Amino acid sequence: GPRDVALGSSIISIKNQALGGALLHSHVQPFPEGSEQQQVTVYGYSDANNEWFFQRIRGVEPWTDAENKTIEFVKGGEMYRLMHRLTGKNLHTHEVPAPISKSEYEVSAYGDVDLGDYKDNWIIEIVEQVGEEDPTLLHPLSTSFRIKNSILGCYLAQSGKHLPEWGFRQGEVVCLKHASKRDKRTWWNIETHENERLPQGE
């Protein structure tokens, strides 16, 4: 994949860095309780349901494919939405107990490019850059980053718990309250990166 992730046109999968860390995932299956919205999980194999792309925050006009004039790069410290590619939904959280980790917040996929709320805005916080590439940008594999909800202030995390059979026993994803900086369940990296507009990164 290309070395720098772009807003909108970069298709990425995102891997958790804790032990047993897997790929951020969504599918057209609802939570049976909680908010009953579309599930978000982690999955262990390559799959089109692992594909996400970055979108502009709620509050400004969104990026669209017809925007051929400009390529913008995702920057540490800035806010973005994360869109599930196949379903078009926003990575979402809210003050709802998580399915298994009842003291944490449930994470779902909700809405679309136009519909949702400001809990779809996440701060991308870069916490480690391997190599001497632009420290402000996201690079596949070498960048570790955290995903902090702009409204609730919690961190996206692979909890370590497994969902029941209704979540195909995939891994629970939560928004951790009071996470430590060095809690690797809240550390993520770009695993795969696809973008036809960018120089390929050999």
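Each residue number is its position in the shown sequence, starting from 1.
A.B. asks: Tell me which of 66-74 and 53-61 has the higher mean C-alpha B-factor in the deposited entry.
C.D. replies: Going by the record's values, the stretch with the higher mean is 66-74.
A.B. asks: Mean CA temperature factor from the deposited coordinates, higher in 179-187 or in 9-17?
C.D. replies: Result: 179-187.
A.B. asks: Return the residue from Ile124, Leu91, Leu86, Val130 that has the highest Cα B-factor in the entry.
C.D. replies: Result of the comparison over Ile124, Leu91, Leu86, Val130: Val130.
A.B. asks: Going by what the PDB entry lists, where does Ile151 fall on CA B-factor within its chain: lowest, middle or highest third?
C.D. replies: It belongs to the middle third of the chain when residues are ordered by C-alpha B-factor.
A.B. asks: Lowest, middle or highest third: where is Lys102 by Cα B-factor in its chain?
C.D. replies: It falls in the top third of the chain.
A.B. asks: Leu141: which third of its chain by C-alpha temperature factor?
C.D. replies: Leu141: CA B-factor falls in the highest third of its chain.
A.B. asks: Would the CA B-factor of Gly44 place it in the lowest, middle or highest third of its chain?
C.D. replies: Middle third, going by the recorded CA B-factors of the chain.
A.B. asks: Can you tell me which third, lowest, middle or highest, the CA B-factor of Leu115 falls into for its chain?
C.D. replies: It falls in the top third of the chain.
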